[PDB]
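An overview of the molecular structure
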Amino acid sequence: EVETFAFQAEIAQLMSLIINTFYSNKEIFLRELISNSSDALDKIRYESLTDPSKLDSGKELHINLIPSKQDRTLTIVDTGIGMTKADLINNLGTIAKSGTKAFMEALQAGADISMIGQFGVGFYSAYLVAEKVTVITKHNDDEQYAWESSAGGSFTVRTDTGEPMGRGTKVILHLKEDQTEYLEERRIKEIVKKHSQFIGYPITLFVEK
Ligand SMILES: CC(C)(C)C1=NO[C@@H](Cn2cnc3c(Cl)nc(N)nc32)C1
């Protein structure tokens, strides 16, 4: 079964702003997703210090960047703590409502879209470059889920039938047709070096076959 949900009005407004505002500096999406992965890796590492069994689903703590020219996707994979069903449907959106309102006000007060991560809603910068985002995620003691949205005010959640991940999150960016530069090894290297060079987990940039 696929369940369809309405975004909170403030998050739908944020997504429309990101999709519709003219802003050439689109590359900031990657730093935001890598930062989210780093935060999730921090969380499972910290929890493992008092409950080592939390790493039974995988001890490797890393970030993979995987381009696919054939699928026109850029995938950001981490082995962090992952998200529960309640995270996906309700609880992360509840936290994001406050940051969205703060971001939207700062925007009017002269802030830049690149400051989005300071408001805890950096994920939605993915819609600078993606027409659709699919998020596959697995938290210990919950099932593997697929979250998906092409914006337009709704998202879906379903139990994922694909390959099991163990633990963590995969953000699959279905790139807009004019945003395929973010499949180039060279371009991704440039962005990671510029924005993400001090992240405390190995970032592997996969090469296309
Ligand atoms: C609900 C949805 C749109 C999918 C997000 N809201 O929060 C986002 C940022 N975020 C929160 N928890 C995260 C974990 Cl555990 N990992 C990673 N990579 N990102 C995480 C994602």
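In this report, the structure presented in the accompanying data block is examined. (Residues numbered from 1 in each chain as written, not as in the entry; some residues may be left out. Heavy atoms only, no water.)

1. Some words on the sheet that holds strand 4 (residues 130–138)
Taken together, 8 strands build an open sheet; the order of strands is 1-6-5-4-7-3-2-8 and the sheet is mixed. The sheet is open, and its two borders are formed by strand 1 (2–6) and strand 8 (203–205), each paired with just one other strand. Taken pair by pair, the neighbouring strands of this sheet meet at an average axis angle of 15°, ignoring direction. Note that strand 2 (residues 63–68) and strand 3 (residues 73–78) share 6 bridges and pair antiparallel. The partner of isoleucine 66 across the bridge, within strand 3, is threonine 75. (Pairing = 2+ DSSP bridges. Helix = DSSP H or I, 4+ residues; strand = E, 2+ residues; numbered from the N terminus. Axes fitted to C-alpha atoms, helices over the stretch in contact; angles between N-to-C directions.)

2. Brief notes about the pairing of strand 2
With respect to burial, strand 2 is a largely interior element, 5 of its 6 residues being buried. Taking the residues between adjacent antiparallel strands as the criterion, strand 2 and strand 3 are bridged by 4 residues, where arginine 72 takes a positive phi near 50°. Looking at chain direction, strand 2 and strand 8 are connected through 3 bridges and run parallel. Counted as the bridge partner of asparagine 64 is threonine 204 from strand 8. (Buried < 20%, exposed > 50% of the residue type's maximum accessible area, 1.4 Å probe, protein only.)

3. Examining the layout of surface pockets
By volume, the largest pocket amounts to about 1100 Å³. Along its surface, the largest pocket is lined by 39 residues, and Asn36, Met83, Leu92, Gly120 and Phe123 are the ones closest to its centre. When contributions to the lining of the largest pocket are tallied by element, the ones reaching two or more residues are helix 2 (28–48), helix 3 (85–108) and strand 7 (168–175). Of the residues in the lining of the largest pocket, the class split is 20 nonpolar, 13 polar and 6 charged. The wall of the second largest pocket is formed by 13 residues, among which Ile66, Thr75, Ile136, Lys170 and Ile172 lie closest to the centre. For the lining of the second largest pocket, the secondary structure elements donating two or more residues are strand 2, strand 3 and strand 7. With 3 residues, the top contributor of residues to the lining of the second largest pocket is strand 2. (1 Å grid on protein atoms, 1.4 Å probe; cavity = no way out; pocket = protein on both sides within 12 Å on 5 of 7 lines; lining within 4 Å. Points joined across faces, edges and corners; volume = space filled by probe spheres on them. Nonpolar A, V, L, I, M, F, W, Y, C, P; charged D, E, K, R; others polar.)

4. A closer look at the site of the ligand
Of all residues adjacent to the ligand, which total 13 residues, the nearest are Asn36, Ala40, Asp78, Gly82 and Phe123. In the model, a nitrogen atom of the ligand is placed 2.9 Å from a nitrogen or oxygen of the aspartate 78 side chain. Here the ligand, which alone exposes 480 Å², has 85% of that area covered by the protein. The cavity where the ligand resides is the largest pocket. Contributing elements (two or more residues each) for the shell around the ligand: helix 2 and helix 3. The biggest single contributor to the shell around the ligand is helix 2, with 3 residues. Here the residues of the shell around the ligand are counted per class, giving 8 nonpolar, 4 polar and 1 charged. (Near = heavy atom within 4 Å. Polar contact = N/O pair within 3.5 Å; in protein donor to acceptor, adjacent residues only side chain to side chain. Areas by Shrake-Rupley, 256 points an atom, 1.4 Å probe, with all protein chains shown as cover. Sits in = over half its atoms within 2 Å of the grid points.)

None of this, on its own, says anything about what the molecule does.
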